[PDB]
Amino acid sequence: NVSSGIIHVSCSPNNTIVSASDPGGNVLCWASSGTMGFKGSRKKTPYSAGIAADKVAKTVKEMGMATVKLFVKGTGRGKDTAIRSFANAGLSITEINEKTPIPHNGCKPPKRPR
Amino acid sequence: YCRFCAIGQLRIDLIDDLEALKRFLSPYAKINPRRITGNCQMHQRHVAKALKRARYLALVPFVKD
Amino acid sequence: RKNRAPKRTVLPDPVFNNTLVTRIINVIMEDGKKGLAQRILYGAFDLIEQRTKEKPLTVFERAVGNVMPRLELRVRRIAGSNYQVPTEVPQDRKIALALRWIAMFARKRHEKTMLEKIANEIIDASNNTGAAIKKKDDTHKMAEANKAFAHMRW
Amino acid sequence: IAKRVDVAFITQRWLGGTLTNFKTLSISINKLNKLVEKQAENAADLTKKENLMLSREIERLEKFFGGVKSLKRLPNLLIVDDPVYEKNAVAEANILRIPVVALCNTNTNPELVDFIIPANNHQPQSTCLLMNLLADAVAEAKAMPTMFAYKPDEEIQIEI
Amino acid sequence: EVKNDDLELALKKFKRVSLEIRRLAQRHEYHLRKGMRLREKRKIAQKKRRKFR
RNA sequence: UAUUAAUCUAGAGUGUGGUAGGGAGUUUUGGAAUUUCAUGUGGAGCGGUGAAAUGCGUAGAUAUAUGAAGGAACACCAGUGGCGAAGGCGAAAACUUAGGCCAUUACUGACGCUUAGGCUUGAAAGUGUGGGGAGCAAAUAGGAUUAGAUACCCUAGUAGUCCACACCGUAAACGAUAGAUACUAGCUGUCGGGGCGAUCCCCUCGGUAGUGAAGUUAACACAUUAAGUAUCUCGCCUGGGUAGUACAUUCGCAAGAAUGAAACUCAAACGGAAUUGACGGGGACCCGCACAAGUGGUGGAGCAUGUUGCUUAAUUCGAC
RNA sequence: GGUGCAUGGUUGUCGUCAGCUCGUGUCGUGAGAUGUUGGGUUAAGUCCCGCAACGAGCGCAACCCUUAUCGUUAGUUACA
């Protein structure tokens, strides 16, 4: 594939997804926490996100990529460790941007988990 | 570190002391609270209004640097 | 809450000149005697150079060096789905665990006179064929399997 | 003050009650003096651990009674270096009928001392002068040579 | 929130930024009220006036 | 005590000069971000809690990036806060703009304040009409821990939530603190005014807060804004369930609300605060073969021992 | 013979846990506090600094029995 591209990472309290994509929008590959034998509680841990990120970085290095753009969209605790995984997995980083769905104080969110 | 009672202009508006307004504005497009600015807070609340206007005027981004 | 206590290691077995030898003799202990497990170990060595020939001292030190584990797993639970967390242990408990493994896998078996079965057990544990090396490999491989729960350490 | 005029004084912890309650403290100081006298009379009659415990107890009693062990009678008058620093002293003096003399500070209260004197402890120029002159009052009362209270500017004892 | 310092130093500086965004945007998944919002604003004001002063 | 006349204002308030605030309502604009729509890609997951599950999904779901429509509210700014009749107000702006603040000597000249009557508002829900349901969510549907469970949670989804005429005119309407007048430290800290200086560290008087002197309170705790000091006035509590049930007045299309009982029973009221303990799916501290380890032993088996349910001519009783 | 729902005497139990307290006194209108708590130390409130505090008792330990180095009373039926 193209040497350039963007790696995107999204996180929800019980899900993580990471996708390597062309700069135009079309993806080249993607993985998630449920792709492995850690579905559920073990997939809310940074380990699942790190392994998924390493898997996508490795499979896009085989597909062809280099120093990548960083698009994080979400409010997960592993949104910083995923970038470290990208950096150490060969898909090194130079800059990082925010595509997060962070809302300026708005409308009703879902019910309260407690 | 006040920038409007110190300058003595005492006149706050959109564009006449923008750098003074930004003195309380972090590069992160976020304004420091009273416990950090530590000023008379007439000028700090004027900064609040002016820089929220600037965000509305797209001088500084909402969520960006 | 008790803390680090003065564990003591007795004088080595003065017929083979090794503390691990006397520890092994005192872990496979039957009826309480050391004149018993000493004969057991001597006959085991004799049958070792009889079948599966190897020098007792070198094979013993190699087994001691190899069968030692790497880490330990502490059980952690909060609400449900209990898991393990890695922890480090001094080598004394490692060689003690080796002692216990040898005693358990030797004292209990069919396949007649205990001399040859314990010789075979110690030889297999020595040449890296799985009798206690498999545990050492697993405990290393176990940490990377439940690392999602291993990371949750306080 | 003590080396200029011999007088009982308290320098260690003024205990929280040593004038309104001094009976069981009189017996305590008597036990201390008697034990010291016995130790002077004693010369290693027991095991050394018991001697270590004896010294242990002596020093335990000293670290609380080190100030209040020189007077065997309740004072008829006391001075104070700071009304808030000597809460126990002023409390036990107000339980009795003895007047209080203190070096009041602006953070203190002036409704607590029978003799309010605006003497600073943060600024030593007042407290040193007042201590010297309080010594000199009883010195000249006892017909001995007097050091200060007649000088326009006494010794500059400025604390760093 | 862009961070471009070095290959790894950029992420080292981005750690604090990510922490700030995570703590700021965490309040869009549970119940909240505007009066309680002013309440917690006063509470964090007291926290930073007592600890951070 | 009240009236008479006018100059004095000194509270009622008013003028000149300045003046902070997200006050309120109405109006104007905007998109960060989601959904629909457009481009795509992609392989096997997404959705999520306590573990998971309902549910979406190979027809392309989740994801991936922006853009038009849409509507919600507008990360920080946000103050030991301001404003505000409590009620409530945070993108920005405009109109009316209420009231906060002093320099207020000056000014009609006691005009004043409370105030049952009355007037208004009082959050939000919900709901009559017109919209969106993009997003949320009562009700609803499912999974799930409780012995079930409607209750924790998660997912979705109607009215509604959001807007305007609005209604219910009810609250945890909280400072749980009715207003107005005169006075009362210091200090801690946020703010306004005038004054004069670089801003904080300057003074004065006030708004909203606290420790705390005197003062007050049953103590906790108020304390310059009192629960103080005294005054003025209104309403209420003279026990709890009975008791918002009886009658009954009033508001409402709607969902529902304001005032308001008894017979009967208790010596009490989910009375209050402080006050000593242990527990906490609240912890700090201090330690123990209290826990891991092996040794073992028993629970697995045999007898040896004594008992227990049973059986006896007694199977002696208790230790449970 | 029974009622340990009278118990004694004797214990077990927490636990050999480091706690239980008390007299002098003061504050709180009151229950209550204080000294003991905290922090240092052998299991150890064996013990200490500190304070509305001062000391003192119980538990505990040093002290007692056994193991224990040398010497000492003395040597057989231990020894031999």
# chains A, B, ... in the order shown; residues from 1 in each chain; ligands from 1

$ interface_residues --of "chain B" --to "chain A" --cutoff "10 Å" --atoms "only C-alpha atoms" --output "short mmCIF file (atom, residue, chain, number, x, y, z; two decimals) with C-alpha atoms, in the first residue's frame"
data_model
loop_
_atom_site.label_atom_id
_atom_site.label_comp_id
_atom_site.auth_asym_id
_atom_site.auth_seq_id
_atom_site.Cartn_x
_atom_site.Cartn_y
_atom_site.Cartn_z
CA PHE B 62 -12.75 25.10 20.74
CA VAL B 63 -10.86 21.84 21.31
CA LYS B 64 -7.41 22.22 19.72
CA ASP B 65 -4.16 24.12 20.19
#

$ residues_around --residues "residue D:21" --least-positions-apart "2" --cutoff "8 Å" --atoms "only C-alpha atoms (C1' of nucleotides)" --output "PyMOL selection string"
(chain D and resi 17-19+23-25) or (chain G and resi 24-25+54)

$ interface_residues --of "chain D" --to "chain G" --cutoff "12 Å" --atoms "only C-alpha atoms (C1' of nucleotides)" --output "PyMOL selection string"
chain D and resi 13-32+46-65+68+87-89+91-92+95

$ write_last_selection --atoms "N, CA and C atoms" --output "short mmCIF file (atom, residue, chain, number, x, y, z; two decimals), in the first residue's frame"
data_model
loop_
_atom_site.label_atom_id
_atom_site.label_comp_id
_atom_site.auth_asym_id
_atom_site.auth_seq_id
_atom_site.Cartn_x
_atom_site.Cartn_y
_atom_site.Cartn_z
N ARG D 13 8.74 20.97 79.25
CA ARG D 13 7.29 21.04 79.10
C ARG D 13 6.61 21.40 80.41
N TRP D 14 5.98 22.57 80.46
CA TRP D 14 5.06 22.88 81.56
C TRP D 14 3.86 21.97 81.41
N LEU D 15 3.74 21.01 82.31
CA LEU D 15 2.72 19.98 82.19
C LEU D 15 1.33 20.59 82.25
N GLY D 16 0.38 19.92 81.61
CA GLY D 16 -1.00 20.37 81.61
C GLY D 16 -1.64 20.15 82.96
N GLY D 17 -1.21 20.95 83.93
CA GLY D 17 -1.66 20.83 85.30
C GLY D 17 -0.53 20.39 86.20
N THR D 18 0.13 21.36 86.83
CA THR D 18 1.16 21.07 87.82
C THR D 18 1.03 21.98 89.03
N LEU D 19 0.01 22.84 89.05
CA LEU D 19 -0.28 23.68 90.21
C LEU D 19 -1.66 23.39 90.78
N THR D 20 -2.66 23.20 89.92
CA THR D 20 -3.96 22.74 90.39
C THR D 20 -3.92 21.26 90.77
N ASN D 21 -3.04 20.49 90.12
CA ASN D 21 -2.77 19.10 90.50
C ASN D 21 -1.26 19.00 90.70
N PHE D 22 -0.84 18.93 91.96
CA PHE D 22 0.57 18.80 92.30
C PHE D 22 0.82 17.78 93.40
N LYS D 23 -0.23 17.21 93.99
CA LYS D 23 -0.08 16.21 95.04
C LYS D 23 0.58 14.95 94.49
N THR D 24 -0.04 14.32 93.50
CA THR D 24 0.54 13.16 92.84
C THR D 24 1.74 13.52 91.98
N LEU D 25 1.96 14.80 91.73
CA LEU D 25 3.21 15.27 91.15
C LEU D 25 4.27 15.57 92.20
N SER D 26 3.87 16.00 93.40
CA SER D 26 4.82 16.05 94.51
C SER D 26 5.35 14.66 94.83
N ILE D 27 4.46 13.67 94.89
CA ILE D 27 4.92 12.31 95.15
C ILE D 27 5.76 11.80 93.98
N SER D 28 5.46 12.26 92.76
CA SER D 28 6.25 11.85 91.61
C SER D 28 7.67 12.41 91.67
N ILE D 29 7.82 13.70 91.97
CA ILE D 29 9.15 14.29 92.07
C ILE D 29 9.90 13.71 93.28
N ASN D 30 9.18 13.41 94.36
CA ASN D 30 9.80 12.74 95.50
C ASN D 30 10.30 11.35 95.13
N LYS D 31 9.52 10.59 94.35
CA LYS D 31 9.97 9.29 93.87
C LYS D 31 11.21 9.45 93.00
N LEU D 32 11.23 10.48 92.15
CA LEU D 32 12.40 10.74 91.32
C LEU D 32 13.64 10.99 92.17
N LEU D 46 22.12 -5.64 90.87
CA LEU D 46 21.18 -6.44 90.10
C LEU D 46 21.69 -6.65 88.68
N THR D 47 20.89 -7.31 87.84
CA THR D 47 21.27 -7.48 86.45
C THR D 47 21.24 -6.13 85.74
N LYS D 48 22.04 -6.03 84.68
CA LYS D 48 22.23 -4.73 84.03
C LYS D 48 21.02 -4.31 83.21
N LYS D 49 20.16 -5.25 82.81
CA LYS D 49 18.93 -4.86 82.13
C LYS D 49 18.02 -4.07 83.06
N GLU D 50 17.95 -4.47 84.33
CA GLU D 50 17.15 -3.72 85.29
C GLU D 50 17.74 -2.34 85.55
N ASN D 51 19.07 -2.22 85.54
CA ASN D 51 19.69 -0.90 85.61
C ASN D 51 19.38 -0.05 84.38
N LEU D 52 19.37 -0.67 83.20
CA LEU D 52 18.99 0.04 81.99
C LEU D 52 17.56 0.55 82.09
N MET D 53 16.66 -0.29 82.62
CA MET D 53 15.28 0.14 82.83
C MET D 53 15.19 1.25 83.87
N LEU D 54 16.04 1.20 84.90
CA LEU D 54 16.08 2.25 85.91
C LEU D 54 16.45 3.59 85.28
N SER D 55 17.52 3.61 84.49
CA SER D 55 17.90 4.83 83.78
C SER D 55 16.82 5.25 82.79
N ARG D 56 16.18 4.27 82.14
CA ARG D 56 15.08 4.53 81.22
C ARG D 56 13.96 5.31 81.91
N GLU D 57 13.52 4.81 83.06
CA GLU D 57 12.48 5.48 83.83
C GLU D 57 12.93 6.84 84.34
N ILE D 58 14.18 6.97 84.77
CA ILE D 58 14.67 8.27 85.23
C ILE D 58 14.59 9.30 84.11
N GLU D 59 15.03 8.92 82.91
CA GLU D 59 14.97 9.86 81.80
C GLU D 59 13.54 10.11 81.34
N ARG D 60 12.67 9.10 81.44
CA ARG D 60 11.26 9.30 81.13
C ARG D 60 10.64 10.35 82.05
N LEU D 61 10.93 10.25 83.35
CA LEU D 61 10.45 11.26 84.29
C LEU D 61 11.10 12.61 84.04
N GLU D 62 12.37 12.63 83.62
CA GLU D 62 13.05 13.90 83.38
C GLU D 62 12.46 14.63 82.18
N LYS D 63 12.13 13.91 81.11
CA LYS D 63 11.65 14.62 79.92
C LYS D 63 10.27 15.28 80.12
N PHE D 64 9.51 14.97 81.17
CA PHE D 64 8.30 15.71 81.50
C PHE D 64 8.46 16.61 82.71
N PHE D 65 9.25 16.20 83.70
CA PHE D 65 9.46 16.97 84.91
C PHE D 65 10.73 17.81 84.88
N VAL D 68 9.50 21.46 85.65
CA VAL D 68 8.92 21.51 86.99
C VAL D 68 9.50 20.39 87.86
N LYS D 87 -0.23 28.12 77.60
CA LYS D 87 -1.64 27.94 77.95
C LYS D 87 -1.79 27.18 79.26
N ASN D 88 -0.97 26.15 79.47
CA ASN D 88 -1.03 25.38 80.71
C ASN D 88 -0.67 26.25 81.91
N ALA D 89 0.38 27.07 81.77
CA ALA D 89 0.83 27.91 82.87
C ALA D 89 -0.24 28.91 83.28
N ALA D 91 -3.43 28.76 82.61
CA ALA D 91 -4.60 28.05 83.12
C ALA D 91 -4.43 27.68 84.59
N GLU D 92 -3.28 27.11 84.95
CA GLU D 92 -3.03 26.73 86.33
C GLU D 92 -2.86 27.94 87.24
N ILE D 95 -6.48 29.06 87.86
CA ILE D 95 -7.09 28.19 88.86
C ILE D 95 -6.72 28.68 90.26
#

$ atom_distance --atom1 "atom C1' of residue F:76" --atom2 "atom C1' of residue F:33"
17.4 Å

$ residues_around --residues "stretch 38-48 of chain F" --least-positions-apart "4" --cutoff "10 Å" --atoms "only C-alpha atoms (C1' of nucleotides)" --output "count of residues only"
40

$ residues_around --residues "residue C:59" --least-positions-apart "5" --cutoff "9 Å" --atoms "only C-alpha atoms (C1' of nucleotides)" --output "MDAnalysis selection string"
chainID C and resid 54 64 122:123 126:127

$ atom_distance --atom1 "atom CA of residue B:58" --atom2 "atom CA of residue B:36"
24.7 Å

$ residues_around --residues "residue B:47" --least-positions-apart "2" --cutoff "9 Å" --atoms "only C-alpha atoms (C1' of nucleotides)" --output "list in words"
residues 12, 20, 21, 22, 24, 25, 31, 41, 42, 43, 44, 45, 49, 50, 51 and 52 of chain B; 77 of chain F

$ write_last_selection --atoms "C-alpha atoms (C1' of nucleotides)" --output "PDB file, in the first residue's frame"
ATOM      1  CA  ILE B  12     -12.361  45.919  27.806  1.00  0.00           C
ATOM      2  CA  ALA B  20      -3.590  41.141  27.318  1.00  0.00           C
ATOM      3  CA  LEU B  21      -6.673  38.916  27.080  1.00  0.00           C
ATOM      4  CA  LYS B  22      -4.508  36.052  25.783  1.00  0.00           C
ATOM      5  CA  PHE B  24      -4.572  34.580  30.764  1.00  0.00           C
ATOM      6  CA  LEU B  25      -5.185  32.217  27.832  1.00  0.00           C
ATOM      7  CA  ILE B  31      -8.320  30.104  30.201  1.00  0.00           C
ATOM      8  CA  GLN B  41     -11.588  39.106  38.310  1.00  0.00           C
ATOM      9  CA  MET B  42     -13.438  41.996  36.738  1.00  0.00           C
ATOM     10  CA  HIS B  43     -10.782  41.809  34.043  1.00  0.00           C
ATOM     11  CA  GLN B  44     -10.670  38.010  34.317  1.00  0.00           C
ATOM     12  CA  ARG B  45     -14.412  37.623  33.739  1.00  0.00           C
ATOM     13  CA  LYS B  49     -16.440  36.734  27.844  1.00  0.00           C
ATOM     14  CA  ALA B  50     -13.942  38.078  25.296  1.00  0.00           C
ATOM     15  CA  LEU B  51     -12.221  34.744  24.654  1.00  0.00           C
ATOM     16  CA  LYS B  52     -15.491  32.810  24.545  1.00  0.00           C
TER      17      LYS B  52
ATOM     18  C1'   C F  77     -12.786  30.267  31.122  1.00  0.00           C
TER      19        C F  77
END

$ residues_around --residues "residue A:16" --least-positions-apart "6" --cutoff "10 Å" --atoms "only C-alpha atoms (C1' of nucleotides)" --output "ChimeraX atom specification"
/A:9-10,31-34,43-46,48-50,52-53,74,76,78-79,82 /F:63

$ write_last_selection --atoms "C-alpha atoms (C1' of nucleotides)" --output "PDB file, in the first residue's frame"
ATOM      1  CA  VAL A   9      -7.926   4.417  17.578  1.00  0.00           C
ATOM      2  CA  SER A  10     -11.398   4.496  19.140  1.00  0.00           C
ATOM      3  CA  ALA A  31      -9.039  -4.937  14.454  1.00  0.00           C
ATOM      4  CA  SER A  32     -10.920  -4.813  17.746  1.00  0.00           C
ATOM      5  CA  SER A  33     -10.688  -6.177  21.280  1.00  0.00           C
ATOM      6  CA  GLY A  34     -13.228  -8.913  20.534  1.00  0.00           C
ATOM      7  CA  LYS A  43     -11.181  -6.640  26.644  1.00  0.00           C
ATOM      8  CA  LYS A  44     -11.760  -3.538  28.801  1.00  0.00           C
ATOM      9  CA  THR A  45      -8.061  -3.772  29.808  1.00  0.00           C
ATOM     10  CA  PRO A  46      -5.204  -1.917  28.074  1.00  0.00           C
ATOM     11  CA  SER A  48      -6.407  -6.019  24.525  1.00  0.00           C
ATOM     12  CA  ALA A  49      -6.044  -2.555  22.994  1.00  0.00           C
ATOM     13  CA  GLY A  50      -2.261  -2.888  22.896  1.00  0.00           C
ATOM     14  CA  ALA A  52      -4.966  -5.140  18.677  1.00  0.00           C
ATOM     15  CA  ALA A  53      -2.881  -2.049  17.899  1.00  0.00           C
ATOM     16  CA  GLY A  74     -12.966   8.504  21.928  1.00  0.00           C
ATOM     17  CA  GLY A  76     -10.773   5.676  26.672  1.00  0.00           C
ATOM     18  CA  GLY A  78      -5.853   3.452  26.728  1.00  0.00           C
ATOM     19  CA  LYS A  79      -5.896   6.272  24.160  1.00  0.00           C
ATOM     20  CA  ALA A  82      -2.218   2.804  22.026  1.00  0.00           C
TER      21      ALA A  82
ATOM     22  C1'   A F  63     -14.992   1.253  12.567  1.00  0.00           C
TER      23        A F  63
END

$ residues_around --residues "residue E:32" --least-positions-apart "6" --cutoff "9 Å" --atoms "only C-alpha atoms (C1' of nucleotides)" --output "list in words"
residues 108, 109 and 112 of chain A

$ write_last_selection --atoms "N, CA, C and O atoms" --output "compact mmCIF listing (two decimals), in the first residue's frame"
# COMPACT_ATOMS: atom_id res chain seq x y z
N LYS A 108 -28.60 15.09 26.70
CA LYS A 108 -28.61 14.01 27.67
C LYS A 108 -27.70 12.86 27.23
O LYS A 108 -27.78 12.40 26.09
N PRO A 109 -26.82 12.40 28.11
CA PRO A 109 -26.08 11.16 27.85
C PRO A 109 -26.89 9.97 28.31
O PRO A 109 -27.98 10.14 28.88
N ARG A 112 -26.84 6.41 34.19
CA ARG A 112 -25.65 6.43 35.02
C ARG A 112 -25.24 5.01 35.41
O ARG A 112 -26.02 4.31 36.06

$ atom_distance --atom1 "atom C1' of residue F:195" --atom2 "atom CA of residue B:40"
17.1 Å

$ select_by_dssp --residues "chain E" --states "alpha helix (DSSP H)" --output "PyMOL selection string"
chain E and resi 9-24+34-47

$ closest_atom_pairs --of "chain C" --to "chain F" --cutoff "12 Å" --atoms "only C-alpha atoms (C1' of nucleotides)" --output "tab-separated table"
residue	atom	partner	partner_atom	distance
C:1	CA	F:287	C1'	6.0
C:2	CA	F:288	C1'	7.6
C:3	CA	F:287	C1'	10.6
C:26	CA	F:295	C1'	10.7
C:27	CA	F:294	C1'	8.4
C:28	CA	F:294	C1'	10.8
C:29	CA	F:295	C1'	9.6
C:30	CA	F:295	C1'	10.8
C:31	CA	F:295	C1'	11.6
C:32	CA	F:295	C1'	10.3
C:72	CA	F:292	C1'	11.5
C:73	CA	F:292	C1'	11.3
C:74	CA	F:292	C1'	9.7
C:75	CA	F:292	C1'	10.8
C:77	CA	F:50	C1'	11.6
C:78	CA	F:50	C1'	9.4
C:79	CA	F:50	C1'	6.2
C:80	CA	F:50	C1'	6.7
C:81	CA	F:51	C1'	7.0
C:82	CA	F:51	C1'	10.8
C:92	CA	F:293	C1'	11.8
C:93	CA	F:293	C1'	8.7
C:94	CA	F:293	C1'	11.3
C:96	CA	F:294	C1'	8.8
C:97	CA	F:293	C1'	8.9
C:98	CA	F:294	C1'	11.8
C:99	CA	F:294	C1'	9.9
C:100	CA	F:294	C1'	7.6
C:101	CA	F:294	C1'	11.0
C:103	CA	F:294	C1'	10.8
C:104	CA	F:294	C1'	11.1

$ interface_residues --of "chain E" --to "chain B" --cutoff "10 Å" --atoms "only C-alpha atoms" --output "VMD selection string"
chain E and resid 1 to 3 17 21 45 to 46 48 to 49 52 to 53

$ select_by_dssp --residues "chain A" --states "strand (DSSP E)" --output "PyMOL selection string"
chain A and resi 6-12+15-21+27-32+69-74+97-98

$ write_last_selection --atoms "N, CA and C atoms" --output "PDB file, in the first residue's frame"
ATOM      1  N   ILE A   6      -3.006   6.829   7.885  1.00  0.00           N
ATOM      2  CA  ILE A   6      -3.402   7.259   9.224  1.00  0.00           C
ATOM      3  C   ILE A   6      -3.819   6.035  10.027  1.00  0.00           C
ATOM      4  N   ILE A   7      -3.338   5.943  11.262  1.00  0.00           N
ATOM      5  CA  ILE A   7      -3.838   4.951  12.203  1.00  0.00           C
ATOM      6  C   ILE A   7      -4.825   5.644  13.137  1.00  0.00           C
ATOM      7  N   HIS A   8      -6.020   5.078  13.245  1.00  0.00           N
ATOM      8  CA  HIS A   8      -7.086   5.606  14.077  1.00  0.00           C
ATOM      9  C   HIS A   8      -7.385   4.636  15.209  1.00  0.00           C
ATOM     10  N   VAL A   9      -7.623   5.204  16.385  1.00  0.00           N
ATOM     11  CA  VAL A   9      -7.926   4.417  17.578  1.00  0.00           C
ATOM     12  C   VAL A   9      -9.172   4.988  18.243  1.00  0.00           C
ATOM     13  N   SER A  10     -10.157   4.125  18.482  1.00  0.00           N
ATOM     14  CA  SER A  10     -11.398   4.496  19.140  1.00  0.00           C
ATOM     15  C   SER A  10     -11.620   3.604  20.353  1.00  0.00           C
ATOM     16  N   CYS A  11     -12.177   4.188  21.411  1.00  0.00           N
ATOM     17  CA  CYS A  11     -12.379   3.456  22.653  1.00  0.00           C
ATOM     18  C   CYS A  11     -13.700   3.863  23.291  1.00  0.00           C
ATOM     19  N   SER A  12     -14.446   2.863  23.756  1.00  0.00           N
ATOM     20  CA  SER A  12     -15.663   3.005  24.541  1.00  0.00           C
ATOM     21  C   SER A  12     -15.467   2.160  25.795  1.00  0.00           C
ATOM     22  N   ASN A  15     -15.049  -1.454  24.793  1.00  0.00           N
ATOM     23  CA  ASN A  15     -14.645  -1.764  23.427  1.00  0.00           C
ATOM     24  C   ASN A  15     -13.441  -0.915  23.052  1.00  0.00           C
ATOM     25  N   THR A  16     -12.545  -1.497  22.260  1.00  0.00           N
ATOM     26  CA  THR A  16     -11.493  -0.739  21.603  1.00  0.00           C
ATOM     27  C   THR A  16     -11.356  -1.229  20.168  1.00  0.00           C
ATOM     28  N   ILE A  17     -11.167  -0.280  19.250  1.00  0.00           N
ATOM     29  CA  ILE A  17     -11.006  -0.576  17.833  1.00  0.00           C
ATOM     30  C   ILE A  17      -9.834   0.239  17.306  1.00  0.00           C
ATOM     31  N   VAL A  18      -9.039  -0.390  16.443  1.00  0.00           N
ATOM     32  CA  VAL A  18      -7.909   0.308  15.841  1.00  0.00           C
ATOM     33  C   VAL A  18      -7.802  -0.060  14.367  1.00  0.00           C
ATOM     34  N   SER A  19      -7.684   0.957  13.514  1.00  0.00           N
ATOM     35  CA  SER A  19      -7.763   0.783  12.068  1.00  0.00           C
ATOM     36  C   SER A  19      -6.647   1.553  11.381  1.00  0.00           C
ATOM     37  N   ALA A  20      -5.918   0.875  10.500  1.00  0.00           N
ATOM     38  CA  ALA A  20      -4.980   1.561   9.622  1.00  0.00           C
ATOM     39  C   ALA A  20      -5.658   1.837   8.287  1.00  0.00           C
ATOM     40  N   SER A  21      -5.538   3.079   7.807  1.00  0.00           N
ATOM     41  CA  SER A  21      -6.365   3.560   6.713  1.00  0.00           C
ATOM     42  C   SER A  21      -5.548   4.447   5.786  1.00  0.00           C
ATOM     43  N   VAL A  27     -10.151   2.446   4.646  1.00  0.00           N
ATOM     44  CA  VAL A  27      -9.248   1.764   5.565  1.00  0.00           C
ATOM     45  C   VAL A  27      -8.446   0.740   4.776  1.00  0.00           C
ATOM     46  N   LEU A  28      -7.315   0.312   5.329  1.00  0.00           N
ATOM     47  CA  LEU A  28      -6.588  -0.830   4.795  1.00  0.00           C
ATOM     48  C   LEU A  28      -6.732  -2.066   5.665  1.00  0.00           C
ATOM     49  N   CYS A  29      -6.877  -1.886   6.975  1.00  0.00           N
ATOM     50  CA  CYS A  29      -7.172  -2.999   7.874  1.00  0.00           C
ATOM     51  C   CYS A  29      -7.715  -2.426   9.175  1.00  0.00           C
ATOM     52  N   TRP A  30      -8.362  -3.288   9.958  1.00  0.00           N
ATOM     53  CA  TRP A  30      -8.867  -2.885  11.264  1.00  0.00           C
ATOM     54  C   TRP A  30      -8.968  -4.116  12.150  1.00  0.00           C
ATOM     55  N   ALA A  31      -8.824  -3.907  13.452  1.00  0.00           N
ATOM     56  CA  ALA A  31      -9.039  -4.937  14.454  1.00  0.00           C
ATOM     57  C   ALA A  31      -9.741  -4.337  15.667  1.00  0.00           C
ATOM     58  N   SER A  32     -10.189  -5.219  16.558  1.00  0.00           N
ATOM     59  CA  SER A  32     -10.920  -4.813  17.746  1.00  0.00           C
ATOM     60  C   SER A  32     -10.550  -5.746  18.892  1.00  0.00           C
ATOM     61  N   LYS A  69       0.125   9.116  10.487  1.00  0.00           N
ATOM     62  CA  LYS A  69      -0.680  10.095  11.203  1.00  0.00           C
ATOM     63  C   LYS A  69      -1.482   9.393  12.293  1.00  0.00           C
ATOM     64  N   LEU A  70      -1.807  10.129  13.352  1.00  0.00           N
ATOM     65  CA  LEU A  70      -2.418   9.567  14.560  1.00  0.00           C
ATOM     66  C   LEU A  70      -3.767  10.242  14.791  1.00  0.00           C
ATOM     67  N   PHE A  71      -4.857   9.486  14.614  1.00  0.00           N
ATOM     68  CA  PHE A  71      -6.201  10.005  14.879  1.00  0.00           C
ATOM     69  C   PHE A  71      -6.843   9.188  15.999  1.00  0.00           C
ATOM     70  N   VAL A  72      -6.949   9.811  17.165  1.00  0.00           N
ATOM     71  CA  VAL A  72      -7.644   9.212  18.298  1.00  0.00           C
ATOM     72  C   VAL A  72      -9.042   9.819  18.364  1.00  0.00           C
ATOM     73  N   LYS A  73     -10.061   8.964  18.419  1.00  0.00           N
ATOM     74  CA  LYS A  73     -11.441   9.401  18.568  1.00  0.00           C
ATOM     75  C   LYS A  73     -12.121   8.574  19.651  1.00  0.00           C
ATOM     76  N   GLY A  74     -12.358   9.193  20.805  1.00  0.00           N
ATOM     77  CA  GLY A  74     -12.966   8.504  21.928  1.00  0.00           C
ATOM     78  C   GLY A  74     -12.516   9.040  23.271  1.00  0.00           C
ATOM     79  N   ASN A  97      -3.151  14.030  16.363  1.00  0.00           N
ATOM     80  CA  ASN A  97      -4.265  14.970  16.347  1.00  0.00           C
ATOM     81  C   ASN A  97      -5.456  14.398  17.106  1.00  0.00           C
ATOM     82  N   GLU A  98      -6.516  15.188  17.257  1.00  0.00           N
ATOM     83  CA  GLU A  98      -7.718  14.759  17.958  1.00  0.00           C
ATOM     84  C   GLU A  98      -8.906  14.789  17.014  1.00  0.00           C
TER      85      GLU A  98
END
